[PDB]
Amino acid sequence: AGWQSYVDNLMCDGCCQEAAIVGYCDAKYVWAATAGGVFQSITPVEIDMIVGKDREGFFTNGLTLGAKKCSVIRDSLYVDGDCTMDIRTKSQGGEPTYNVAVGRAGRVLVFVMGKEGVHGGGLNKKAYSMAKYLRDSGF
């Protein structure tokens, strides 16, 4: 409800089908997420793969979010002053792909997923801006 207001904020402009605030530093778990999305089901294992030391493996093997197979388009998670990743869901059964942006603050990750046709650029700006705001607030 407190962190849910942040999810609501991320969703308010109509471009995202889901969003989430996800702890990674003190412990790895979802703090808040859109009900019924993949982010809600993100596991500690999946968080570890997002934040982990290995920044090359997920370009060969992909990764999952809430067990949904994804590819990594760009990794700047440990580029200071950026701290984002651009991800895209894999298409199964003829379905659209969706762009996902991740912004990393000090304690949490900001996840957003676009609706069909929503470009990664605006999504990245949204995750970055929220992550930056949280970082400047000590989170």
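A residue's number is simply how far along the shown sequence it sits, counting from 1.
Higher mean CA B-factor, judged across 77-85 and 44-52 from the recorded values: 44-52. Look at the mean CA B-factor for 99-107 and for 57-65 in the entry; the higher one is 57-65. Ranked against the other modelled residues of its chain, the C-alpha B-factor of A127 as given in the entry falls in the middle third. In the PDB entry, a CA B factor belonging to the lowest third of its chain's modelled residues is recorded for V30. Ranked against the other modelled residues of its chain, the C-alpha B-factor of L134 as given in the entry falls in the lowest third. Ranked against the other modelled residues of its chain, the C-alpha B-factor of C15 as given in the entry falls in the highest third. In the deposited entry, the Cα temperature factor of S71 places it in the highest third of its chain's modelled residues.
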